[PDB]
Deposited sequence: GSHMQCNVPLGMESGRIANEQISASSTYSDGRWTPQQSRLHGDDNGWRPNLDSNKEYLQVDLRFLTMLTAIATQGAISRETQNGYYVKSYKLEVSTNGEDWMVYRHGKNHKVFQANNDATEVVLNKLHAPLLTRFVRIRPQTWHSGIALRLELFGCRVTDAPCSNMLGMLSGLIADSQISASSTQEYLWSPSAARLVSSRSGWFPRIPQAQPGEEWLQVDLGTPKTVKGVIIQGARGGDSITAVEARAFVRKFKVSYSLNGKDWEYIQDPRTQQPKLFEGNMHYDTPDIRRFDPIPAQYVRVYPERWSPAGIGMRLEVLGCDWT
């Protein structure tokens, strides 16, 4: 039904050469980043020096859900010595400037990796992530750092009626975006856009009583709304919303809240845990032209968010 263990294109070429890069490459030219394709038979990626600052980077080009990472090492075509990475960290970003290190509760997630130069090792993310750029960061290795790789996940838009409605793309125009208050005076509504914006929406006073501030999106016409993607903001400051309500409307005057079935009250959605890495919240489809997101709890810096609405036309 909703399959998200799909290989993203390292093995197949679905991820093109121009989307693969690295911190450095081995000085003899025989281990280019583009050799990091899973099951590739000509070595793999290997950096110039072996250190835990070195990394292999993949640009997915589009926001993608990431569920799993598969790695091998490599047997040198030249020496036939086997090289492999024994453990790594993961780093992700929507834009390639702003990075998050994957965590496991309190601290960094250390993925156990290969133990030979031939076998594939699969690590599932305990909690899946929405991202565009992926960085593998070896911490330990045998003989040297060598990688062949695959990434697994899916597009959010593969789910039925789950299109990005135009906050990111722009097809939802500046005039269609509004807010309770804005710190900027005569702000650019464009600032509230998921991913495509560098900053974000900040209300006037970073603190307020919960459910007093809102971002509102006019969809242009009545659509079917089936979810949101919420993201934090980079101001000076890095902020994100941790809890929010969602209200919706046809005529733009009479509002309704998405209700939690358990509590018979407006549902409290979980927000982000980072200023860049966004989160998808799906719900049962509603008819709406207007959607309001109401921050309820937030980071200590204040309310800061970027947003996208998910759905399709009637």
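- In sequence order, the gaps in C-alpha coverage of the deposited chain fall at 1-2, 238-244, 324.
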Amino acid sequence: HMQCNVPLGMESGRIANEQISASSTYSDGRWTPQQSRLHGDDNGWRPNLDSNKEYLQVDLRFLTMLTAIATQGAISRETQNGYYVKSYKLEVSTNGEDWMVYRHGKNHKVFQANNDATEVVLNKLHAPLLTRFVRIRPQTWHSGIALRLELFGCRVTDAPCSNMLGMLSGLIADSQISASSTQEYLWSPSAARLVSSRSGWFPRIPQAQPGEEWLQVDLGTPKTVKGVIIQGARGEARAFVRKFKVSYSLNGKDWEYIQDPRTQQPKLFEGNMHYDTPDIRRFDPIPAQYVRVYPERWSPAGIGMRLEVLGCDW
From here on, numbers count along this sequence of modelled residues.
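- Comparing 161-169 with 146-154, the stretch with the higher mean C-alpha B-factor in the PDB entry is 161-169.
- Stretches 28-36 and 285-293 differ in mean C-alpha B factor, with the higher average recorded for 285-293.
- In the PDB entry, the Cα temperature factor peaks, among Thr71, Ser199, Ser93, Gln112, at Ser199.
- Looking only at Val134, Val121, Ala237, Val101, the residue with the top Cα B factor in the deposited structure is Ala237.
- Split the chain's modelled residues into thirds by C-alpha temperature factor. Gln231 is in the middle one.
- Looking at the C-alpha B-factors along this chain, the one for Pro261 belongs to the highest third.
- Placement of the Cα temperature factor of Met2 within the chain: highest third of the modelled residues, per the deposited record.
- Looking at the C-alpha B-factors along this chain, the one for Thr79 belongs to the middle third.
- Split the chain's modelled residues into thirds by C-alpha temperature factor. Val85 is in the lowest one.
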